[PDB]
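**Student:** For reference, the structure I am asking about is given below.
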Amino acid sequence: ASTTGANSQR
Amino acid sequence: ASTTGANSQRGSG
Amino acid sequence: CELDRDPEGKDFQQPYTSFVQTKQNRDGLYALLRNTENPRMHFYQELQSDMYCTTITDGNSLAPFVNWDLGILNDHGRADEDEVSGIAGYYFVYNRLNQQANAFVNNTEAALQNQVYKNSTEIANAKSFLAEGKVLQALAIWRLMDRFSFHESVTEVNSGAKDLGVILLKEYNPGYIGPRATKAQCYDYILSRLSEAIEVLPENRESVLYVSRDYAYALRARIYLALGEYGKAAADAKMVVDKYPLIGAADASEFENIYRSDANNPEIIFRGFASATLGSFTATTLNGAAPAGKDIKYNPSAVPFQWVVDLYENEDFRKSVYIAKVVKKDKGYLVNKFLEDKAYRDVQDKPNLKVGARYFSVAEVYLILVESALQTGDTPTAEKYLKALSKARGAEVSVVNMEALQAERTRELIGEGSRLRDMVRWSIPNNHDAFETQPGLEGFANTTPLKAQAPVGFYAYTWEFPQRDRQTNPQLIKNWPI
Amino acid sequence: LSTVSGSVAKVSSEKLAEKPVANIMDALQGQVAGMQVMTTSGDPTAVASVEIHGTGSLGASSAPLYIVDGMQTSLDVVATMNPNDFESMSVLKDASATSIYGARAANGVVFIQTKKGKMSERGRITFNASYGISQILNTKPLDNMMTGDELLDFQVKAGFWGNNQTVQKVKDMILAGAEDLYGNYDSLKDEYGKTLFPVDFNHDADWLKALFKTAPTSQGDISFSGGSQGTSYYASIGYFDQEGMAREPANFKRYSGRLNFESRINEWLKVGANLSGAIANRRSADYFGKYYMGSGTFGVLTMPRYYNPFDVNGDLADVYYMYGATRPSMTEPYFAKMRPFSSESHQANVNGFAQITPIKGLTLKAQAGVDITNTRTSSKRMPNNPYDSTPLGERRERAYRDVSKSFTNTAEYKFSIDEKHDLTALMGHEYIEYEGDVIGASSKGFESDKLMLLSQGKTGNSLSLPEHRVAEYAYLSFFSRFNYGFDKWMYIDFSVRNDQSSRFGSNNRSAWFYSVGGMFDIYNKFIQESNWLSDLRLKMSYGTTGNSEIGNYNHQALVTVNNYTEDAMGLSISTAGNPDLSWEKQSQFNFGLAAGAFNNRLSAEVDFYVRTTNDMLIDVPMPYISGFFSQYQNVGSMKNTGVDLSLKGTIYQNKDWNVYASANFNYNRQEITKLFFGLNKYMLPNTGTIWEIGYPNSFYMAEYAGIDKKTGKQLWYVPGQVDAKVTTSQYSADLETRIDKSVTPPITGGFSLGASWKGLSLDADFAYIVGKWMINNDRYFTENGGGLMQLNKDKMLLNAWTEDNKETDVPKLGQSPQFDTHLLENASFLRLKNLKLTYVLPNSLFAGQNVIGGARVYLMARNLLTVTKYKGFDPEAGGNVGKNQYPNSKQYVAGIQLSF
Amino acid sequence: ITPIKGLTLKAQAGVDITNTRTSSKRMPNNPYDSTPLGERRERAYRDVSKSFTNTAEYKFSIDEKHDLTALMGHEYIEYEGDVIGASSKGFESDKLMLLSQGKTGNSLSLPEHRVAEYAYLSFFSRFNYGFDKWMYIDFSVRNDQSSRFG
Amino acid sequence: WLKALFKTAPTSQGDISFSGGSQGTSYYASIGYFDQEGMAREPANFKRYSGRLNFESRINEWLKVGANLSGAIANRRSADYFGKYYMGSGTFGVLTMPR
Amino acid sequence: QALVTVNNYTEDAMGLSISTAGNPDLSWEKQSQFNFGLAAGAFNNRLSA
Ligand SMILES: CCCCCCCCOCCOCCOCCOCCO
Ligand SMILES: CCCCCCCCOCCOCCOCCOCCO
């Protein structure tokens, strides 16, 4: 169960 | 192929 | 400092606490069976019948049985942890099956009697796994008797052995080392194990991958037949013979696709589970086959005498599947029954010649009913089932008269270890020195004479006990004379 | 390490150095009295079977404990070490000398001491390098095998190809079949007749050359040893590569380093390490000792000479043909590149020690070490190969892990209680742990040499179950040993110990062992001075020892998985079980006498001994009714009575011209005492040997009595029947009998000669093993006229009894041979283990340049001379039977040494 | 090695081996999982990186005020890496979890396999000029060659 | 939820090392231990068992040889869910889980 | 390299897809450094910069 919402990636 | 004519098995290994 | 070390992938033996532990032990039981009631194990006694000559390719592997090299057949085989083959092997795997079915039967009786099952349906199924294990013990002991006790017809024997069966052990006991049960001891254990199971097992088969009532009725009819009890064999036959229908084939291609399919042959009553990745083995002794790309080439070590090839009508669907004119190129026939199931090929395109372990097909049940009905003067039902079996194979028989039964059986059962027993019971001696070899193979399949003659009542139609079992057990009476 | 009461032999550096095989125990064959070493395979990769003072047991190993700088190491790990770093090997062969070792000190202990540094002013650097070639050491087996058309006739006249056939009909047919078979392969279809002649009845194909080659061996090393105040260093790197003389590929190459370091840190501490490792690649010919059509030394005897594995340039083809074949049959070199194999072992061995000396007399020593071996091995089945079953290829990657810990720390208090009583007391603790592990993965379906990652396989009916095997054991031990010395003449040694092994259940893994021993200096008490006797000492010892060398998990009553379908797992009974299984308990009495004559320039030591094995670990065979194969039990007993003596002296020391010889002999009678279940004998099936109480492990057969000159039939002696001896043509198993020939040869010995003519020197080392017997399984084929008529046979079958040819001793054609005395061959042998001519450069050639100080050059041969009556390739290459042997090699080597 | 006054030949070599062995399970019969069937994944890793790097260095002086130092050298760097891994599933017992004991059919997997190697060849030089112990100059030229380029 | 996913964890290390030598030869040897457990309750650790031996020796006015030898048995494990957003893990978990 | 890897579509035949784009001219990165430094010691080498 992951919350992608927003993954500004590194 | 292989020829099992007869192997006396190596009963002293 | 705990110096306990225990092995990975092993667990300690215990009594059955759960139903899931019991079901798992029953599966391990059927796993063994699949590598035991295995065609690879019955090829030796198939090759000892009157049907085969060795080719120039053999490397003294099939020669001992075909040419009756008694000096080699005496202590023939292996059953150590590198190889399990031959007479020694045949004997060893069945005793393990008998030993290991003993520990399954006893530990299920134990669990039932301590009410470790948690409801009536767990209880009811273990009473049924129990009957299956009873059939397995019956099979294990009878297969051991099939080769290691004498038929009544044998003449000169070691003194004492004419009436002896095999060492009967009804309990899981690794340390047991006793003497041979008598013939009637062994056979009463066999039939009662089976009878007690037909009582518990349901009328209609539940899985072709497990023992069923249909199976035990069939196996008992087989066992009755080799005991000469023709009336009793025919009674167990009729109870199964109509529950499995024959292959509906128009040509030999329609025949071969169905017959060679473990999955679609409607005649298979009981087989062991096999996949391409588990439970499938290659059985390329009879045919000498090997893959070549998309093709299969054959270099047999043994091939039938002409009289076997001449047994088959030319339109017999079997004459291109059970035997197949694929020696040299198109020059002679080899026994090809165990050729392949395509479903087990690693790659659709490329054959690997893998098969599964089959345990009973209704064809034999037709032949058990036909021979016995002829013996009991029941001509109508002997003629009904023989015309049926042969017509479905594309070569229906003109007359029904035992002579025809002997032929038809011999054709239908080729490769399955059946001819050697049949020649003992039909009182045919081994005429190998006098049979014509197949002409097409001149220079490849030549005549080789017997190293010892095999007339009616010769003792070596029955095997000697493995030399292990003799040397460690002074209480064993051997079969062969001095 | 060893004691004054024990039977102890010490072998020097020179017996160990620069030997063209990685099997260093071979270098001791015939050097130690009572130690019987024997290598049964010329495969570079094989390791010898040493047995000190007989076979110790009928089910446990008889392998000595091998020890390097204090800790148990396997022969396999010893092989990865550079033996030019060994200063000495010491064989401890009785209860008193093996008293502080465990596991299996019942078999003797072999202690290897690596060099520690010599504390010189400048250090000694030293460089060794040698090149040489291995060969086969006996060719005689093929002196008398039929030639090509010699066997063609034999076959045809025997009816093998048809009833009504002429030789040429057959000759036409075989090469007919070779052209049509070759004519289906693009790569052959028009090379047959041009560059390929697979069948040729006008030339005999050299099948020896087909399957065996000359192969090379290469060695080098640098070694810096030096020193100073309290510290001693010995460092070395080196390289070894011995290629396999069988053309079936096998090799052992190692790249090695070692650092031994020892330092007095202060008057209270001495610390030290000896560190070693190697990158090692070994490979083995896995078909030898089995019978596969045209492979091994069986192949070189059995392939009909009308079959040519060569092309037109005399080089080895990719393939040969055999009549009937479905497929052309790959030759050995083309098989190898089609079935590749590599394996790298990284071997690490770390070893430290500490020596606190807190008060006068007391020595606390803690020593510990690891023995890490990670091995990673690859296997391929090259795809698109036109002589393979499919074009699809496979790959198998395995990785191996062995980690061996050992701690062994001691307290040693030696003092003196008045002027005539010296006591030395010592006890210790020792824990040995071993944890091993093997992983293997495999895929198939590849259709490109360049696309063969395991992750690129076909997925479906093509998938494989992985390979996975684990193994661990452990040993806990408390031991003690005391040394009492009265005057400077009488010595008593006492020892008691307790050993505990993971290999037995909790209630049965402990066992106590003791030993007493005495040495008495008869010279220095009763002969103050003698004008001819220099040394006379009497040794004597009794003691008990354990043997636990069995198989980790042989007591539990175990279940394993045996799945019947794919949706639920299944369980089968796996092992029988022996809840009581425990240590084997051996006992040895040794009576010794060591004497030195002239000025100890002529010395001897004789020893008499009685080795008794009770509670013997037999893997008792089980009747097949049991559904098992075996089960270990402490059952039965055995005795090994014997003597071993050794002597050495100098024959002509001439100030610049010394001549030196040394010899060693053992005889050992073996007697089984107890078997299992009260049984008096057990013949071991298909081996031709038998265990019978009165006697030793002996052979067991029918006595072959020749042939009936009137019938041509074979006849055997019927045991017990006579006239006023009975023969019969009717063979039966009940015709067999115990034979007064034992399996393990009772006599083991050797001698060695040496002279040095001022710099020029020659040393010869001999070794013999008499009373050895073997069944030549190979002759079962080469000599029979009853079967396997494909195979080449001995030309003696051209003599076969017929109506027209009587007065011959070869039986009629048509009857197969039985395994009787006609195959019991006398494998006794004298062997010349090594000849070394060395010439050390003159001392004054290095008198002007202070860089190099000496040099030596040498020519050398391993295994040139082999006197033996055995009608097979190598008489060593077998125990009770010899099948398809990889004969030990004969080596020629040139070498050079430099010292700076 | 120091053969004559002023020059210093230094030869150096070493390996850097890493064998790593890794184990992972998905324990069977736990009721908070999707299936009661267990899985196990064993991997083995190997990194071996050797490097030789040997030098010859000449220091001399042509006066009391001119110090010269010359040195050039060779270096080969090699790396060979490798990763192997196999996994099974379908286990129904803590005690029966050998990889070789998994279910076989739709439960079988492709192994894991990855290889990687690189290499470096290089020749270098370096000089040192020193005048009157107040002015010091250093010059250097070198050529590097990497397996990572065509 | 902080206590759910993070703990106090230990770090342990020890070491003995024999240094000295005397002449043209020098030795530095050490054995050692290290174990750092990760404070995330998601398991992670780095423990090593260490050894090293350094050695240099003048053999003569022209040659000097030397070695430095080092090795270790090491066990590492890493919290592989960090830096991703998974419902009840990491510092995201400790902030976002409803109390 | 401009490479292919396996990408099997069924279980009876091998399949092949383009794996990497490619740069036959890929080469060393070429870096350059101008460095002007100064070190100073103050008092009685009890103060450095
Ligand atoms: C030119 C000089 C020759 C030096 C060769 C030395 C080769 C040594 O190989 C051993 C490898 O094992 C590495 C493990 O290191 C252990 C260190 O621990 C010791 C501390 O007590
Ligand atoms: C001439 C060079 C030969 C190369 C041999 C190198 C050995 C490589 O082995 C790698 C595996 O061994 C691991 C070493 O373990 C370290 C010891 O741990 C104990 C320290 O406390």
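Chain identifiers are assigned as A, B, and so on, following the order in which chains appear in the structure tokens; residues are numbered from 1 within each chain, and ligands are numbered from 1 in order of appearance.
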Need to verify the contact set: residue A:8, 12 Å, only C-alpha atoms, exclusion of same-chain residues closer than 3 positions in sequence. Can you return it as a PyMOL selection string?
**Tutor:** (chain A and resi 4-5) or (chain F and resi 83-85)
**Student:** Compute the set of protein, DNA and RNA residues whose minimum atom distance to ligand 1 is at most 9 Å, using only C-alpha atoms and all ligand atoms, and state it as a PyMOL selection string.
**Tutor:** (chain D and resi 222-224+234-237+256-260+271-278+347-353) or (chain E and resi 12-13) or (chain F and resi 17-18+28-31+50-56+65-72)
**Student:** Taking only stretch 459-692 of chain D into account, list the residues labelled strand (DSSP E or B) by DSSP (computed from the backbone), as an MDAnalysis selection string.
**Tutor:** chainID D and resid 467:486 490:501 510:520 533:547 558:561 571:573 584:597 602:614 617:621 630:634 637:650 658:674 681:684 689:692
**Student:** May I have the residues of chain D within 7 Å of chain G, counting only C-alpha atoms, written as a VMD selection string?
**Tutor:** chain D and resid 447 456 458 to 460
**Student:** Can you pull out the residues contacting residue G:3? Cut-off 12 Å, using only C-alpha atoms, and skip same-chain residues under 3 positions away; I want them as a list in words.
**Tutor:** residues 450 and 451 of chain D; 6, 16, 17, 18, 19, 20, 21, 22, 23 and 24 of chain G
